[PDB]
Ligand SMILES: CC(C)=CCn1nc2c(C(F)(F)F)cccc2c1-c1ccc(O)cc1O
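Presented below, as structure tokens, is a lone chain in the form solved without the named molecule.
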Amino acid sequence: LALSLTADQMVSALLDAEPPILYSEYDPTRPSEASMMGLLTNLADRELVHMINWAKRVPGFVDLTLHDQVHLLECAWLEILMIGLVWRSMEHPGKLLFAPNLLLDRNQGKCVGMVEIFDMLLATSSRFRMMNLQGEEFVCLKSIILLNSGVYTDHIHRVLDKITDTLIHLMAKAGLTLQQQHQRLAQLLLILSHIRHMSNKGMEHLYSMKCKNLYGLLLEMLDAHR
């Protein structure tokens, strides 16, 4: 099924899969660490629901057993929320756009030791901005994350191979020489190693936010990582 898709068709299915951007309950009258984290965890919890329904529509995903689907999402969930975050923030140098009504710079991250995760996210957004990452490439990278993060932890590999073919096809179409397609391909996939690093750090930061007073799904996804 997913294996018989062409590059354009893979791109159409992924762009059409994209989840909505959500609003936070940010009250800019209302001044806190508890409330700021409350606003972010409320948002992430609503985003987890749309992610689950987005994952279902990624070519190849529903061919997995329930168990495996559960597993890949347990590994990938914070990485996917993070690259989605970094992508919407691309055009706000110096800021993270948690939602259209919640744009924070790094000083507002002091409110919570979250400032170290903020800066990491800022520098990834900058990286994306330098490379002028495209919407089409972004949706490929996000699908590579879901599929790759928990794979080591076959059909999955065939599908990952197709998404690589699609990335290269986006880059030939964008006028890039053979040598440049492969370099861009490396740089894009090298960023995913940084994304995995920020997700391990953010997990540790989340765990210790709970272990010194979260929701259902979010707490569940957090506990998956022990």
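One rule holds for the numbers: they count along the sequence shown, beginning at 1.
What comes next is about the form solved in complex with the named molecule, which does not appear here.
- Site check by superimposition: the named molecule, modelled from its position in the deposited bound form, clears the backbone and C-beta atoms of this form, with no atom inside 2.4 Å, and the site reads as open.
- Of the candidates 156, 139, 117, 133, 117 is the one whose heavy atoms come within 4.5 Å of the named molecule in the deposited bound form; the others do not.
- Proximity to the named molecule in the deposited bound form, taken as a non-hydrogen atom within 4.5 angstroms, holds for one residue of 82, 147, 75, 90, which is 82.
- Although the partner is absent from this view, residue 209 contacts the named molecule in the deposited bound form, with a non-hydrogen atom inside 4.5 angstroms.
- Taking non-hydrogen atoms only, residue 128 never approaches the named molecule to within 4.5 angstroms in the deposited bound form.
- Within this chain, residue 214 lines the site of the named molecule in the deposited bound form, having a heavy atom no more than 4.5 Å away.
- Under a 4.5 angstroms non-hydrogen atom cutoff, the named molecule in the deposited bound form has residue 44 among its neighbouring residues.
- Contact check for 37, 98 and 121: all three have a heavy atom within 4.5 Å of the named molecule in the deposited bound form.
- Note on the interface: of 166-174, 64-72, 181-189, 197-205, the segment with non-hydrogen atoms within 4.5 angstroms of the named molecule in the deposited bound form is 197-205.
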